[PDB]
Amino acid sequence: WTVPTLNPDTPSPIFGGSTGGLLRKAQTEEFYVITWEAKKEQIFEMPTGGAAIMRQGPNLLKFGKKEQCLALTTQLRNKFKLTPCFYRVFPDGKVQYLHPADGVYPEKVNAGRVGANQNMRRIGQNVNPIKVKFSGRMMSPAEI
Amino acid sequence: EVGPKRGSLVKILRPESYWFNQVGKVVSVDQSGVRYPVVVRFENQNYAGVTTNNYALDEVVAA
Amino acid sequence: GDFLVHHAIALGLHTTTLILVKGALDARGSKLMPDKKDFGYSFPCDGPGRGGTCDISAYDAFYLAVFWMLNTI
Amino acid sequence: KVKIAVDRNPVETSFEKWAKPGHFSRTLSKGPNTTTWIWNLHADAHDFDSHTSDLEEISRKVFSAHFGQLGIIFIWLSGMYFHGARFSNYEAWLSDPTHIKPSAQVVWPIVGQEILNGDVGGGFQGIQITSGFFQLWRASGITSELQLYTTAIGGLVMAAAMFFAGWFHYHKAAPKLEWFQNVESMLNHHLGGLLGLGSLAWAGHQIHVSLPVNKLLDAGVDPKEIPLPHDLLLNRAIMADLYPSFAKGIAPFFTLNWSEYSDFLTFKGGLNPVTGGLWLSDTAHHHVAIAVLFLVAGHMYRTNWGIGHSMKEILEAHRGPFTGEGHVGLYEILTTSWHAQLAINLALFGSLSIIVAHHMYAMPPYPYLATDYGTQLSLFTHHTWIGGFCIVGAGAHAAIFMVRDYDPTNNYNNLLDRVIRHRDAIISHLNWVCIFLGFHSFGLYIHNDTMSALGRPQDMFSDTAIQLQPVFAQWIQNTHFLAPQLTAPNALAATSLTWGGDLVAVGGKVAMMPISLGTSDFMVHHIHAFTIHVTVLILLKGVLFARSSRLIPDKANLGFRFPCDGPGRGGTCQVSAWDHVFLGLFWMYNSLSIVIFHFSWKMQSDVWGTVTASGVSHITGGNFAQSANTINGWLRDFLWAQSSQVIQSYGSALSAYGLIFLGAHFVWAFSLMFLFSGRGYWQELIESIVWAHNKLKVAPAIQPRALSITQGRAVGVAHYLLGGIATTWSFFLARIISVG
Amino acid sequence: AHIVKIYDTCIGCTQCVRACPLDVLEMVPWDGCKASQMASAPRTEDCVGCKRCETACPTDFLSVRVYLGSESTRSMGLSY
Amino acid sequence: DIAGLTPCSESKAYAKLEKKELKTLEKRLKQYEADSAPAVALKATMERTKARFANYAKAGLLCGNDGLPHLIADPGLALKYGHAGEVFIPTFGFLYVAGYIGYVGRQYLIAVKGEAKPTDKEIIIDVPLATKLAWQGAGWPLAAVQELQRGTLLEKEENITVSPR
Amino acid sequence: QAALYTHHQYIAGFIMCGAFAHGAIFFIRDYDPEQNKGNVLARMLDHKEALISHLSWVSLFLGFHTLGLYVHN
Amino acid sequence: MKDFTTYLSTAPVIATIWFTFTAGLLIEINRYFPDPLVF
Ligand code: CLA
Ligand code: CLA
Ligand code: CLA
Ligand code: CLA
Ligand code: CLA
Ligand code: CLA
Ligand code: CLA
Ligand SMILES: CC1=C(/C=C/C(C)=C/C=C/C(C)=C/C=C\C=C(C)\C=C\C=C(C)\C=C\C2=C(C)C[C@@H](O)CC2(C)C)C(C)(C)CCC1
Ligand code: SF4
Ligand code: SF4
Ligand code: SF4
C-alpha cells in the first residue's frame, strides 16, 4: 500500500447544489475532498443537505471540514459497503492524505501504528492539581 | 490459578469505581499476565448502564 | 407573621449553604465524575455520557446558589 | 380495488401484558434497574413507530387509540350534559337569562369549601361556568333537564360503543394496511358523509326543533308551554303557523321553488335583537349550503369506478419551470408516514381553532352568548390556546418525519429536496425579517415609554401625537360594512357589527358594536406579526435542520429527541429538532399571551359595557387607545388595575381564582429550577442522599437517578406553560365574572 | 487543541475509535489486555470535544478521557 | 396570658370577628326562601361557625390583638399554662404516624431485597406482605429502639460506597 | 434607612456566595491531601455525604412546613 | 385473574387506592369533627 495521490479532475456525483456548501475558508485556510469508487449509480444523502446520485466508478466531493467528509465516509461504508478516502487541501496547491491514514481503517488494529497520548496508569492514579501548579501555563495532572 | 474463585463474591477497592465498597461476583480471572484479570459482575448498573468491569487482584477482596 | 418569615429566611440560608457547601465538597470529585479535580473549577460539562453531566462543575454550583442568595436577600 | 380488508383475531384479549410493564418495548421489557425506566415507560408508551417497524401494526394501534380518545370525549360530554340536568340552574336561566348566571358545578360542604357555591341566581348556589353550554343548549332548543339527562345517557352508550369499537378493531377484526392506505376513499367519506351528512342532519334538527322552539322563546312564551320537539316534528299545522311555507311541505324543494322557504332559510346577517346572537334561520340556510357543498366535494376522488380524480396523478401533473420535479413523491410520503399526516393535520386544525375564536366573538352564534363576557372571553382565549399548541405540535411531527420517514432515494430534485437545498437562504432571510419586526414593533413601545418619561408626549406614537393608522384594515372594515348594498345585494345586514353600523344591546349590556382601529391597534398587530414570525423561525429551523447542519452533519443518526452532541465545537447543547419544539413553546406562549391580553383589554375598553340613557359606558372607559401605546401603560392600566378582582377575591366565591392565581405564580417559578439547572448537579446531590438511605438500610433497589437532560427540559416547559397560562386564567375569570 | 488520553484500563474494545466522528483515535498492538490491542490518540488536533469516545468507553472508570483545551478552527468544528 | 396575648374567650376582637362572619352569611340568607336548599346550607354554615368560635374559646386558646388564636410551641409554657393540645401532643401524634410509615417501608424494602427481583417488587407491590407489615407497624417505636440497641439499624461504613475524596 | 439596609444585605449576600466559591477553588487548586492527612479539613471531606444529606433534610423540613403553613393560612 | 390482580398490584394502581383511602379517611374525619385546630 502507498499514500494515494488525489486526482482533482475526478467526476463529481450528480447534484444541483445547495446553500450548505464550501465558504470563503476553502479559498483562504483549507478544504476537504472525499473520493470513492461506486459499482453502481445510487442516490445518497449529502451531509450538507439534499439528495445526490453517485456515478459509476470514480466519485469526488469537496467539504468545508473533516467531520463532513468522515460523516459521508460513514454512510458509504455502512450503507453501500464502499471504501472511501479523503484528504485536506490547502490554498497553495498542497494536498494531505488523511483517512484511512495507513490504508487500514483505524478501528482495525494495524502494525506499524505507534501508540500516542497513552498513560501507563489508571485515571485514579493522577496527581493532585497542587503538584502541577505554577507550571509554564494552565495544565492538567493528566498531561504530566 | 491466581485470583479469586469464579462465582465467589468480592468487594471492589478501586476508589474511582462506581462499585467501590460494593460486592460483585467473580465471572473469571485471566491466568495470562493482564494488568486487570478479575472480571466482576454487579447487579446494580453504573451511570453508563454497565454491570461488569475488570479489576486487578489487589483491587478485589473476598467479602 | 415574623415567625413565618424568619423560618423562610432560615430556609434560604440553609438551601444556599447546601448548594455552596455541596459544590465545595464535591469540587474535587463525585461518583458521577471521580476525576473532577483534573478539569478545574470552571468547565462546561463532561458531555451527555453517564446519563448526562450538565452543570456538574463547582462553578455551576455557585451559579445556581446565586439565584437562592437573591431569593433569600 | 377499494375494499374492506381485515385480519381475524390478530391479538389475544388477556391481562398477561397488563401485569408486565414495558412489554411494548425491547429495551423496557427487561424491567427497571434505575428510576429512569419509570419515566421512559410513560414517555415511550404511545410512540408506536419506535415500538415496531411494521406500518400495518402501527396503523392498527393508531386506529384503536383514536377510538379510545373518542370514547374519552363522549364521557366528558355526557358529564357536561349530566351536570346540566342534575347540578345546574339551566331551567331558571331559561326563564331569566339576562340576570341568572350559568352554573353547573356544585361543591360538597367540607373544610369550609362551600363558600365557592356562589349566589348565581335562580334559587341556586354553585360555581359559575364559562363554557357556554347553557347558550348552546338553548340554541339547540333544550328546555328541560330531562332532555339533558337523556343526552347524557346517550353519550355514555356512545362512549361504550367507542371503547367496544377500539377493542374490536384491534383484537377481533384489525384493518390491513391496504385498507388504511385508501386515502381517495377516506376523503370521499369524510367530506361527503362526516361533513356533508353531518351538516345536512344538523340542518334537519335546526329547521324542525331549533328554529320553532327558539322563535317561541324569543316571542316570550314560557319554556313549559312550548310544544315538545316531537309535537313540532309530527304536526305541520303548528310549524305552518310559525312558518307559513311549511303548509306547502317538501313540494317546493323538488319543484325548485326554493324561494318559498324564505321564512326559515334566510340571509339576514347581523344579530337577533332579542338575544344578541346570529339568526338561527341564517345558521339553517348556512348548514344546508355547507351540506350541499361538502356532498359535492365528496364525489371528486376515484374509488372503484373510472369516474373521479387520482391524487397521485393531480400531484404529478402540477410541476413548473422553477420547482424541478414538483409534487412528485408526496403521495408516497403521505400514504406511508403518519407523522407527515399529523404534521399537516395539526397545522391546519390549530390554525382553524384560532379562526373559530375570532369568528365566534365577532359573529356570536348562540343566544345570550355575546352579553355573557365571562363565557365570551373564556371561549376566545381557550380556542386560541388550543390552536397555538396544535401549531407547535405540527412543527414537532414535521421534524419527526424529516428524521425518521424521510428517504432521499424517493426525494431527488423534488420540492422537499429543493427546500432542504436552500434552507440557509430561508432561515437567514426569516432571521432578518424577525429582527426588522422586533425593532419596528417593540422599539416603538420603548420610544413612547422614553418620550412619556422624558415629558415629551408630542413626540410619542399616538392618535393625538405621531399617528400610525391601520388604513388597510380601516378600508376593509368600511368595504365589509357597505357590502349589503352593493357587493352582497340579497343580504339585509353585514356579517358582523365589528365592521361598523349600529350597536346591538341586550339586557342593558352591549352585545356587539363597531370596533375602531387606531395607532395602538396598529402597534399591537405588528407585535403579533413579530411573535408569530419568530415562533415560525424556531419551529421551521428545527424542521429544516433536523437531519444535519454545518455544526452537526449526522444529526439524523442522533435522532429527533437527543440532549446534545457534547461540549465540543464550542458547545452543541439543544441542537435536536425536539429542542427547537421546546424553545418554540415559549415563543408560542409569549405570542398567544400577548394576543389574549390584547383581546381582553380591547373588548373591555371599546366594546363591552352597560348601555344607559344617551351613552354607552365601557368597562375600562375607552383607555386602550391612550394607554396601550407604552409598556408602562400595559403594566399599570391592564395588569396592575385589572388584578384587583383576583387579589381581592378572598372571602367570596372567586376566592378559588385568588388561590389558583398564587398557585399558578408558584408552578411557573418552580419550572425555573428545572429550566436553569443541569442534571449533573442533581445526580451528585442524590448521591449524598442515597448515602443516608444506605446508612439506615433504607436504600431502594431501583437506583434513584436525576431526570434525563431532555426530561429536565420537558418538565421545565410544562410547568412554565401550566403556571403562566393558569395565572392568566385566574386573572381573566376573576376579572370578567366580577365586572361582567 | 483538546487533550485526549488513553489509560492502561483500556480493554481494546475499539468502540471509542468507531464512535469518533473526526478520526482522532486508532487501535495499536498491545500486551496489557487480552485483546492484545489498545486505543491511541495520534490526531488530537482534529478533536472537537464531542466526548462520543467517552460515551462509547465501557470501562469503570473511563479508559479514554478528553480535557477541553485551546480552541482552534478545527476544535470549534467551524466550516467557515 | 403569655406574650401579652389574651384568652379568645375575653378578646373583644374575637367576638367582633364572629359577628362579622355571621353577618356576611346572614346578608346572603335573606335573598332565599326559608326552606329553600340554599337557605338550609347557609344555616348549617352559620351553626358550624358558632360552634367553631365556641369550641376554640373553650379549648383555652389565646388570641392576639388581631382577635385570632395564637399557638404556644414552648413545651414549658404549654404544659404549665394548659396549651399542650396546640403543638406538643400534635408533635408526638405526627411523629408516631410518620415513624410508622417509615419503619413499615424500611421493613418492606428489607424483605423484598432478599428476593429474586427486588426491583420487580418495587414496581409491582407484594400486597399480602405489605398489608402484614402495615399491621405490625403499630409497635415500631419499641422495634426501632431494639434495633438501635442490637446495632442492626445502621450499616457498616466499610459496606457503603463513597466518592474518591 | 431602606436603601442602606437593602444595599448592605445584597452586597453581603454576594460576598457570602464569593466566600464559598473560593473555598471550592481552594480545594481544587491548593488542597494537598498528603499534607492535611488526618486534620480537621480532611475529616470534613471524609463525612461530606453526611454534611450534605443533613443540610438537605433541614432545607426540606423548613421548605415543606414554612410553605405548608402559608398555604393553609 | 392472577395477572389482573398483579396489574392491580402495580405501583400507580396501589398509589391511587392507598391515596384515595387516606384522603377519604381524612375527609370523613373533618366531616364528623369539623374545624379541628387543637387536640
Ligand atoms: C378487558 C379488555 C382488554 C384487555 C384484556 C386488553 C389487553 C391487551 N391490550 Mg387492549 N384494548 C382494549 C381492551 C383490552 N385490551 C380496548 C377497549 C381498546 C380500544 C382503546 C384497546 C386497544 C389496544 C391497543 C391499541 C393495544 C392494546 C394492546 C393490549 C395488550 C397489551 C397492552 C395492555 O393491555 O397493557 C395495558 C395498558 C393500559 C392499562 C393502559 C390503559 C389505557 C387507557 C385507555 C388510558 C386511560 C387514560 C385516562 C382516560 C386519562 C388519564 C389522565 C391522568 C391524569 C389520570 C394486552 C394483551 C397493545 C398490544 O397489542 O400489545 C402491544 C396495543 O397496542 N389494546
Ligand atoms: C360515511 C363514512 C364515514 C364516516 C361518517 C366516518 C367518520 C369518522 N372517521 Mg372514517 N373512514 C371511512 C368512512 C367514514 N368515516 C372509510 C370508508 C375509511 C376507509 C378509507 C375510513 C377510515 C378512517 C380512519 C383510518 C380513521 C377514520 C376516523 C374517523 C373519525 C374521525 C373523528 C372525527 O373527526 O369525527 C368525530 C366523531 C364523531 C362525530 C362521533 C360519531 C361517529 C359515528 C360512529 C359515525 C359512524 C362512523 C362509521 C364509519 C360508521 C360505520 C359504523 C359501523 C361499521 C358500525 C370519524 C367519526 C379516525 C378514527 O380513528 O376514528 C375512530 C381514523 O383514524 N376513518
Ligand atoms: C337529515 C335532514 C332532514 C330530515 C331527517 C328531515 C325530516 C323530515 N322533514 Mg325536512 N327538511 C330538511 C331536512 C330534513 N328533514 C331540510 C334541509 C329542509 C330545507 C329544504 C327541510 C324542509 C322541510 C319541510 C318544508 C318539511 C319537512 C318535513 C319533514 C318531515 C316529513 C318528511 C316527509 O314529508 O316525508 C319524507 C319521506 C321519508 C322520510 C321516507 C320514510 C322512510 C321510512 C322512515 C323507512 C321505514 C322503513 C322500515 C322498514 C319500516 C318498518 C318499521 C318497523 C317498525 C317494522 C320529516 C320528519 C315536512 C314536515 O315538517 O312534516 C310536518 C315539511 O313540511 N322538511
Ligand atoms: C393529535 C395530536 C397528537 C398526537 C396524536 C401526538 C402523538 C405523539 N406525539 Mg405529540 N405533540 C402534539 C400533538 C400530538 N402528538 C402537540 C400539539 C405538541 C406540541 C406541544 C406535541 C409535541 C410532542 C413532542 C415534543 C413529542 C411528541 C411525541 C409524540 C409521540 C409519542 C407520544 C409520547 O411521548 O407518549 C407519552 C405522552 C405523555 C407522557 C404525556 C405527558 C403528560 C402531559 C405532557 C402533561 C401535560 C399537562 C397535563 C394536562 C397536566 C394535568 C394536570 C396535572 C396536575 C396532572 C406520539 C406518536 C414524542 C415523540 O415523537 O417521540 C420522539 C415527542 O418527543 N409530541
Ligand atoms: C428547643 C428550643 C427551646 C427554647 C428556645 C426554649 C426556651 C425557653 N424555655 Mg424550653 N423546652 C424545650 C426547648 C426550648 N425552650 C424543650 C425541647 C423542652 C422539653 C423538655 C422544654 C421544656 C421547658 C420547660 C419545663 C420550661 C421551659 C422554659 C423556657 C423558657 C425559659 C427557659 C430558660 O430559662 O431558658 C431556655 C430553655 C432552654 C434553652 C431549653 C429547655 C428549657 C429548660 C430546660 C427549662 C428551664 C426553665 C427554668 C426553670 C427557667 C424558668 C424559671 C421559671 C420561670 C420556671 C424559655 C423561653 C421554662 C418556662 O418558661 O416555663 C414557664 C420552663 O420551665 N422549657
Ligand atoms: C476581594 C474579593 C475578590 C477577589 C480578589 C476575587 C478574585 C478572583 N475571583 Mg472572585 N468572587 C468574589 C470576590 C473576589 N474574587 C465574590 C464576592 C464572588 C461572588 C459574586 C466571587 C465569585 C467568583 C467566581 C464564580 C469566580 C471568581 C473567580 C476569581 C478569580 C479570577 C476571576 C476574575 O477576576 O476574572 C475577571 C472577572 C470579571 C471579568 C467579572 C465578570 C463580569 C461580571 C458578570 C460583572 C458584570 C456586572 C455588570 C457590569 C453589570 C452592569 C450593570 C450596568 C449596565 C448598570 C480571581 C483570583 C473565578 C475563578 O475562580 O477563576 C477560575 C470564578 O470562577 N470569583
Ligand atoms: C418557586 C420556585 C422554586 C421552588 C418552590 C423551589 C424549591 C426548592 N428548591 Mg429550588 N431553585 C429555583 C426555584 C425554586 N426552588 C431556581 C429558579 C433555581 C435556580 C435554577 C433553584 C435552584 C435550586 C438548587 C441548586 C437547589 C434547590 C433546592 C430546592 C428544595 C430545597 C428543600 C426544600 O425547601 O424542601 C421543601 C419542599 C417543597 C417546597 C416542595 C413542596 C411540596 C409539594 C409542592 C407538595 C406536593 C403537591 C401535591 C401533593 C402534588 C403536586 C403534583 C401533582 C401533579 C400530583 C426545594 C423543594 C435544593 C434541593 O434540591 O433540595 C435538596 C437545591 O439543591 N433549588
Ligand atoms: C425509627 C424511625 C427512623 C429514624 C431513623 C434515624 C437514625 C433518625 C435520626 C435521628 C437523629 C440522629 C437525631 C439527632 C438529633 C436530634 C435532636 C438533637 C432532637 C431535637 C428535638 C428538639 C430540640 C425538640 C424540639 C420540640 C419538642 C419538645 C417537640 C415540639 O413541641 C416541638 C419542639 C421544636 C418545641 C426511620 C428509619 C427514618 C423511619 C421512621 C422510624
Ligand atoms: S446539553 Fe449538557 S451535557 Fe450536553 S453539551 Fe450542553 S451542558 Fe454539556
Ligand atoms: S471528543 Fe469527539 S472528536 Fe475528540 S476523540 Fe472523542 S469522539 Fe473523537
Ligand atoms: S472504548 Fe475504552 S476500553 Fe474500548 S478501546 Fe476505547 S479506550 Fe479502550
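The figures that follow rest on heavy atoms only: side chains count, while hydrogens, waters and symmetry mates do not. For ligands, and for the atoms within them, numbers begin at 1 and follow the listed sequence. Naming convention: chains lettered A, B, ... in sequence-line order (proteins, then strands); numbering from 1 in each chain.
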With respect to [atom], which of [options] exhibits the smallest heavy-atom separation?
{"atom": "atom 4 (C) of ligand 4", "options": "D:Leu342, D:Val667, D:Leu539", "result": "D:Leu342"}
{"atom": "atom 22 (C) of ligand 7", "options": "H:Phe19, C:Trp68, D:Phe676", "result": "C:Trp68"}
{"atom": "atom 57 (C) of ligand 4", "options": "D:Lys61, D:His42, D:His46, D:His66", "result": "D:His46"}

Geometric class of the [Y]/[X] ring pair [parallel <30°, tilted 30-60°, perpendicular >60°]:
{"X": "D:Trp338", "Y": "D:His66", "result": "perpendicular"}
{"X": "D:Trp578", "Y": "D:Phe582", "result": "parallel"}
{"X": "D:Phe180", "Y": "D:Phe63", "result": "perpendicular"}
{"X": "D:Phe661", "Y": "D:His665", "result": "perpendicular"}

Measure from [atom] to the protein's non-hydrogen atoms and state whether any distance is below 4.0 Å.
{"atom": "atom 27 (C) of ligand 7", "answer": "yes"}
{"atom": "atom 18 (C) of ligand 4", "answer": "yes"}
{"atom": "atom 33 (C) of ligand 4", "answer": "yes"}
{"atom": "atom 45 (C) of ligand 7", "answer": "no"}
{"atom": "atom 48 (C) of ligand 7", "answer": "no"}
{"atom": "atom 52 (C) of ligand 7", "answer": "no"}
{"atom": "atom 62 (C) of ligand 7", "answer": "yes"}
{"atom": "atom 14 (C) of ligand 4", "answer": "yes"}
{"atom": "atom 37 (C) of ligand 7", "answer": "yes"}
{"atom": "atom 55 (C) of ligand 7", "answer": "no"}
{"atom": "atom 42 (C) of ligand 4", "answer": "no"}

Sub-4.0 Å heavy-atom contact, D:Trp682 with ligand 7: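 Distance cut 4.0 Å: D:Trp682 passes for ligand 7.
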Ligand 7 contacted by G:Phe61 (non-hydrogen, < 4.0 Å):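 Per 4.0 Å heavy-atom rule, G:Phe61 does not contact ligand 7.
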Specify side chain, backbone, both or neither for [X], according to which of its non-hydrogen atoms lie closer than 4.0 Å to ligand 4.
{"X": "D:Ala43", "value": "backbone"}
{"X": "D:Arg404", "value": "side chain"}
{"X": "D:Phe560", "value": "side chain"}

Which protein heavy atom lies closest to [atom], and at what distance to 0.1 Å?
{"atom": "atom 60 (O) of ligand 4", "answer": "D:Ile400 CD1, 3.0 Å"}
{"atom": "atom 10 (Mg) of ligand 4", "answer": "D:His397 NE2, 2.7 Å"}
{"atom": "atom 16 (C) of ligand 7", "answer": "D:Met673 CA, 3.6 Å"}
{"atom": "atom 2 (C) of ligand 4", "answer": "D:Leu346 CD2, 3.9 Å"}
{"atom": "atom 3 (C) of ligand 7", "answer": "D:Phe670 CA, 4.0 Å"}
{"atom": "atom 23 (C) of ligand 4", "answer": "D:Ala396 CB, 4.3 Å"}
{"atom": "atom 20 (C) of ligand 4", "answer": "D:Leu585 CD2, 3.9 Å"}
{"atom": "atom 25 (C) of ligand 4", "answer": "D:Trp578 NE1, 3.2 Å"}

Under 3.5 Å, is there a donor-acceptor pair between the side chain of [X] and the main chain of [Y]?
{"X": "E:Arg43", "Y": "E:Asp23", "result": "yes"}
{"X": "D:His719", "Y": "D:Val715", "result": "yes"}
{"X": "E:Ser40", "Y": "A:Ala116", "result": "yes"}
{"X": "C:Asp35", "Y": "A:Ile123", "result": "no"}
{"X": "E:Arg52", "Y": "E:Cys20", "result": "no"}
{"X": "E:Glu54", "Y": "E:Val66", "result": "yes"}

Which atoms of ligand 4 are found less than 4.0 Å from any heavy atom of [X]?
{"X": "D:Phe389", "value": "17 (C), 19 (C)"}
{"X": "D:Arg561", "value": "58 (C), 59 (C), 61 (O), 62 (C), 63 (C), 64 (O)"}
{"X": "D:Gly393", "value": "12 (C), 16 (C), 17 (C), 18 (C), 19 (C), 21 (C)"}

Cation over ring face, C:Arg50 and B:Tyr18, 6.0 Å, 45°: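 Judged by the rule, C:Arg50 and B:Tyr18 form no cation-pi pair.
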Please examine the side chains of [Y] and [X], heavy atoms only from C-beta on, and report whether any two atoms are closer than 4.5 Å.
{"X": "D:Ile391", "Y": "D:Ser351", "value": "yes"}
{"X": "C:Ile19", "Y": "D:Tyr681", "value": "yes"}
{"X": "D:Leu675", "Y": "D:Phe586", "value": "yes"}
{"X": "E:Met27", "Y": "A:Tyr105", "value": "no"}
{"X": "E:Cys13", "Y": "E:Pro58", "value": "yes"}

Distance-minimising heavy-atom pair for E:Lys51 and C:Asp46: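 That would be NZ-OD1, 2.9 Å.
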Closest heavy-atom pair and its distance - E:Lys34, B:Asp30: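 Looking at all heavy atoms of both residues, the shortest contact is CG-OD2, 3.8 Å.
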Between [X] and ligand 7, which part of the residue brings a heavy atom under 4.0 Å of the ligand: side chain, backbone, both or neither?
{"X": "C:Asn71", "answer": "neither"}
{"X": "G:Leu60", "answer": "both"}
{"X": "C:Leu18", "answer": "side chain"}
{"X": "G:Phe64", "answer": "both"}
{"X": "D:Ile689", "answer": "neither"}

Check: D:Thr710/D:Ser708 side-chain N/O donor and acceptor closer than 3.5 Å: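 Their side chains do not contain a donor-acceptor pair, so the 3.5 Å distance test is not met.
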Sub-4.0 Å heavy-atom contact, D:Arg713 with ligand 4: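 Distance cut 4.0 Å: D:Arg713 fails for ligand 4.
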Proximal protein residues to ligand 11, non-hydrogen atoms under 4.0 angstrom: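 Heavy-atom contacts below 4.0 Å: E:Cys10, E:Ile11, E:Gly12, E:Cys13, E:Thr14, E:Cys16, E:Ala39, E:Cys57, E:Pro58, E:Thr59, E:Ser63, E:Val64.
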Carboxylate-amine/guanidinium contact D:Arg561 D:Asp44, below 4.0 Å: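 D:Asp44 and D:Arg561: salt-bridged.
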For G:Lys48, salt bridge (charged side-chain N to carboxylate O under 4.0 Å, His left out) partners two or more places apart: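 G:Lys48: salt bridge (charged side-chain N to carboxylate O under 4.0 Å, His left out) contacts with C:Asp26.
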Residue pair D:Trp668, D:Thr727: steps toward the side-chain hydrogen bond (donor to acceptor under 3.5 Å, both in side chains) verdict: CA-CA 9 Å; D:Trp668 180 90; D:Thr727 303; over 6 Å; no
